[PDB]
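As a convention, Cβ positions derive from the backbone with ideal geometry for all residues, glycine included, and neighbour counts pool all protein chains shown. FYI, it's all coordinate maths here, none of it is from the lab.
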Amino acid sequence: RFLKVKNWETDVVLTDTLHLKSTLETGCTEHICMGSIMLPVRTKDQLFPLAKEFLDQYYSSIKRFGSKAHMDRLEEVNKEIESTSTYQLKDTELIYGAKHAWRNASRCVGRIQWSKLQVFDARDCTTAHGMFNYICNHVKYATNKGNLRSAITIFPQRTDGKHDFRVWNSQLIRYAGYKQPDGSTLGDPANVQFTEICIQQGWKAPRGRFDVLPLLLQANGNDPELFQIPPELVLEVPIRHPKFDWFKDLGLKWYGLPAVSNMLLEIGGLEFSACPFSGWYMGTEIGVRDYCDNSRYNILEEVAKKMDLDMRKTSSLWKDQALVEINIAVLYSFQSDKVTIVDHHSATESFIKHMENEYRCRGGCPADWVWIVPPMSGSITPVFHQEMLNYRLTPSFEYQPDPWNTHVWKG
Amino acid sequence: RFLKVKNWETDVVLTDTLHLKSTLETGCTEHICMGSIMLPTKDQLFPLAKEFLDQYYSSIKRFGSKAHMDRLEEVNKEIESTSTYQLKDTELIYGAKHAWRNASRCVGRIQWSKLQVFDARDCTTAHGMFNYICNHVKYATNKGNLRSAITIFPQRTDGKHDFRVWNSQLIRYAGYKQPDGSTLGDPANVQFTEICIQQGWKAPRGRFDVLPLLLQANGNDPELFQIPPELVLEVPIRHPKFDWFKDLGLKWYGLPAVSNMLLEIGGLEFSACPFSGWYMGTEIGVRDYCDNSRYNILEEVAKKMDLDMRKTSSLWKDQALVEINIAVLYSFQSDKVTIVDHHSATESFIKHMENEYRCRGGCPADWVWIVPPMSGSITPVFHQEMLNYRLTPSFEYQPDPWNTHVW
Ligand code: HEM
Ligand code: HEM
Ligand SMILES: Cc1cc(N)nc(CCCCCO[C@H]2CNC[C@H]2Cc2cc(C)cc(N)n2)c1
Ligand SMILES: Cc1cc(N)nc(CCCCCO[C@H]2CNC[C@H]2Cc2cc(C)cc(N)n2)c1
Ligand SMILES: C[C@H](O)[C@H](O)[C@H]1CNc2nc(N)[nH]c(=O)c2N1
Ligand SMILES: C[C@H](O)[C@H](O)[C@H]1CNc2nc(N)[nH]c(=O)c2N1
Ligand SMILES: [Zn+2]
């Protein structure tokens, strides 16, 4: 079967056939759409079909489908599964798998880059100290003094679900939040709970507005351990504005390396519960969400104050106006310091070209419109006008519960 | 089966049960979500009639009463005998209101119960339709203090006698493609504009010519009527700071009035049912003015602001976008014509969702349409999970009449 998506700005119509390879559920049914819902120990049983699916895909990608090499590898994995209940990936399969999970990530606007990804194989890691060293090297390599390179570090796979490797941080680099006795928050309100766990675990908190959190690392199902990332490895950018000289005196900065550490990578049925990955920022992630969400740094008021906007009625669009300035500042700052960043116009335009290339070469590109459209200036970006189809392909990146809700403490 | 929606800004969780009364299909499956796709007999009719009358009689605290049963009885026998039936005025009014209440793409539904319903079911000609529409326009406009309204022409019969308003909205600006290759006026309406001329409209060939109405009564060929200019309220667009803004010579109309939809009540189909409220500022300033396939004015405005147009990363589009939108709102407010900003509207809609969950057990909402086309994440609806499903009575999209009509 064929499915058409239309672009309402251009009238370009594309045809999707890739959706036929879809497996996991969407959350939707014929009676309900769950498109805006944020969240809508395997037996040998289910495992071999998932392994076979993956290896069939891998072998097709290299033009070796049905070769003796393909067949030998199927047989090898088959035996390993029946014998050990699991199997190990070859390096080439790990690399391919990790690239494809990014390629398949329907909420990611940055996918034009999916084929350039440095994969760090960390499957020999055994301890939290070992995990710390791997993560430092990833941060240093990815940062590359502001000339950001995409990277993923892959720690050993799940075995019985009692021995998981986890990075407790949601991102490698994030700022502490501290709830004060008066109800106000200092630093990032998104990180208060994780901050509290770190304090509990022995972190000495500086208690400022921009304290880089320590890494909290769990190896082999053991209790996690704290480590401070060497400060010299943490690239940061002071935020200033090209025309407003008072913008610097708001005291804002941000880190250059966006690096998601809480997701689960699934490859051929195997589960990698610690797989920190990083790229570079789109300006709005910082300027819109991190700075201007009410539940975050929430700087809209202060910025509009300093701009002396009319703040008494919302229909002055003072918030919208402050919002643009802040985002100019973010892009300006990163550019001036030579730290890789992309604005939401360039990123979305690039994504539309990627998406069309994908339809032509692959027969589709699953995409989640709710996430792909930037959180400011929605309709003046080309993705707003692009119909998208959302479905799940593996290899994939999945949300998993925060580890403090599940971990069984050893003490 | 009982489903939760979470607001990620406030942590408020609501429980949706109303979806279980959902009837129509979404376009989505467990395998593919189509949330972003714009368009995804006697036996059939009695279930539909019954379902409606059951909820009507429930709404008036008289479910399972004799009057309930007597009407179920009466409509029952009227269908078997006539193959259709007629709504009581009370039912028509209740259904029209609920069609709006159920409109999953409408952010303005806090207003749903204040809707003036004009029963035009006695209409028989295009002139009659014209008369009804002028009255609607004048009533709704109300010298700038806008009032919501719908006018309901006769229901579908054998489908060969449909009433239709060929216009997509009651009031829109013409569009003419040029020898120059470019487009004068609104590019959205080029096609409709040519059909008007081909049907006899003498077009003035300007940038903001109010289109004539093209009305189809009783399946006949449609006819042209100019809305009395004095009834079409327009607003000159100026800026509270930039004096030069007026020199762009931008204007918009005060009355948003969708005229191409199909209203379904209790299985009956009302293919001509123009309805109107009042604008959210972004509809004009973000979409009408700045869409690249619309008036597309960003470049000209940015130039007047002398912004750095060298590079996308200076956010000059974004800068000019805000100003343009300030100008729309400012002008409407100055001239005393009802308008709402996206901040106020979305805040109202969060309050409305609350009410609906509490009093009805849910509220169908399409996030892709509800979140404004500018400044999304600084409005509360961005952070609000919504479930989208189809309830009846409803408004439904219908194919442009010219692709259906035989002359
Ligand atoms: C190269 C630069 C990149 C840019 C500009 C980019 C852009 C984005 C943006 C704007 C989002 C939504 C973020 C949000 O609103 O929180 C996103 C989400 C995502 N991206 Fe990309 N990305 C890039 C690299 C990557 C890489 C290297 C991977 C994995 C290998 C990746 C996988 C994802 C996933 C899994 C999500 C969803 C995260 C979640 O559900 O929490 N991204 N990306
Ligand atoms: C009271 C003032 C009103 C406001 C501020 C309002 C707001 C909106 C907005 C912002 C949209 C999205 C339209 C677009 O972006 O093109 C919308 C769509 C819609 N509204 Fe409301 N609305 C109002 C009154 C009404 C009334 C009176 C009805 C019906 C009686 C209604 C039913 C709908 C329907 C059916 C759609 C979707 C139209 C389509 O799919 O093309 N609206 N409205
Ligand atoms: C690799 C990469 C590149 C780039 N430009 N940006 C990123 C950042 C990814 C997102 C990190 C922040 O996401 C947070 C903030 N809101 C949702 C939360 C992540 C999340 C939460 C939930 C509940 C589900 C889900 N799928 N994802 C990562
Ligand atoms: C009553 C009312 C109040 C208010 N504030 N605004 C409105 C205007 C809403 C609709 C006018 C614009 O809709 C056009 C332009 N883009 C989509 C098209 C309507 C449409 C098109 C298609 C293909 C499907 C669909 N459901 N609706 C109406
Ligand atoms: C409720 C809604 O799904 C939620 O707020 C989403 C909307 N779109 C998003 N888009 C991106 N890129 N990131 C997000 O966190 C969200 N949040
Ligand atoms: C493809 C996508 O569904 C389409 O562009 C939508 C997005 N959201 C919208 N939202 C509103 N309110 N009105 C629209 O016309 C659209 N267009
Ligand atoms: Zn869906």
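Taken along the Cα-to-beta-carbon direction at a fixed 7 Å, the label points for B:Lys304 and B:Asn135 span 4.1 nm. In the protein assembly as shown, the DSSP beta bridges split such that about 85 percent are antiparallel, to the nearest 5. With Cα atoms as the point set, segment A:314-392 shows a radius of gyration and Dmax of 15.5, 47 Å. Across segment B:275-280, coupling constants 3J(HN,Hα) worked out from phi with the 6.51/-1.76/1.60 Karplus curve, θ = phi - 60°, read 9, 8, x, 8, 6, 8 Hz, and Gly and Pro carry x.
Think of the protein assembly as shown as a dipole: +1 on every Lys or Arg Cβ, -1 on every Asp or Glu Cβ, centred on the Cα centre; then among A:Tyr291, B:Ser331, A:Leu235, A:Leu235 lies furthest on the positive end.
For segment A:1-154, what is the Kirkwood hydrodynamic radius in Å, using each pair of distinct C-alpha atoms?
19.2
Using θ = phi - 60° in the Karplus curve 6.51 cos²θ - 1.76 cosθ + 1.60, the 3J(HN,Hα) couplings for segment B:80-85 round to 3, 8, 10, 6, 8, 7 Hz; x is entered for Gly and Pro.
Whole-percent P(r), segment A:265-368, all Cα pairs, 5 Å bins from 0: 2, 10, 14, 14, 15, 15, 12, 8, 5, 3, 1, 0.
For A:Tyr255, the amide hydrogen comes within under 5 Å of the amide hydrogens of A:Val237, counting only partners 5 or more places away or on other chains and with H modelled in the peptide plane. Counting other Cβ atoms within 10 Å, which trypsin sites (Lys or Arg not before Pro) in segment A:296-392 have at most 15 and lie in a DSSP loop? In loop regions of segment A:296-392 (DSSP not H, G, I, E or B), the sparsely surrounded trypsin sites (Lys or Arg not before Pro) are A:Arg312, A:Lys313, A:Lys338. Which stretch or stretches of segment A:90-114 have amide N atoms under 19 Å from the point lying 7 Å from A:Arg64's Cα along the Cα→Cβ direction? From segment A:90-114, the list is A:90-100. Phi angles across segment B:318-326 convert, under the Karplus curve 6.51 cos²θ - 1.76 cosθ + 1.60 with θ = phi - 60°, into 3J(HN,Hα) values of 5, 5, 4, 4, 4, 4, 3, 6, 4 Hz, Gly and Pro given as x.
When you filter the chymotrypsin sites (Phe, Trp or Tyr not before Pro) in segment A:88-182 for DSSP loop state and at most 15 other Cβ atoms inside 10 Å of their Cβ, nothing is left.
So what's the Cα pair-distance distribution over chain B, bin width 20 Å, in %? Each 20 Å bin holds this share of Cα pairs: 24, 56, 19, 1. Scale the Cα Rg of the protein assembly as shown by the rule-of-thumb value 2.2 N^0.38 Å and send over the ratio, two decimals. In units of the 2.2 N^0.38 Å rule of thumb, it is 1.04.
With both partners inside chain A, how many of the DSSP beta bridges are antiparallel, as a percent to the nearest 5?
Just about 80 percent of them are antiparallel.
Distance between the 7 Å Cα→Cβ label points at A:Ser85 and B:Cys359: 5.7 nm. Farthest toward the dipole's positive end in the protein assembly as shown, which of B:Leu20, A:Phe194, B:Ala217, given Cβ charges of +1 (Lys, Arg) and -1 (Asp, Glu) about the Cα centre? Of B:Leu20, A:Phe194, B:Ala217, it is A:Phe194.
Counting Cβ atoms of other protein chains within 10 Å of each residue's Cβ and taking the mean over peptide B:378-384 gives 4. Taking a point 7 Å from the Cα of B:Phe242 along the Cα-to-Cβ direction, the residues of segment A:298-337 with backbone N closer than 18 Å to it are A:309-310, A:316-326, A:328.
Between A:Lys44 and A:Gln400, take the C-beta separation as r, use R0 = 25 Å, and let me know the FRET efficiency to the nearest 0.05. The calculated FRET efficiency here is 0.65.
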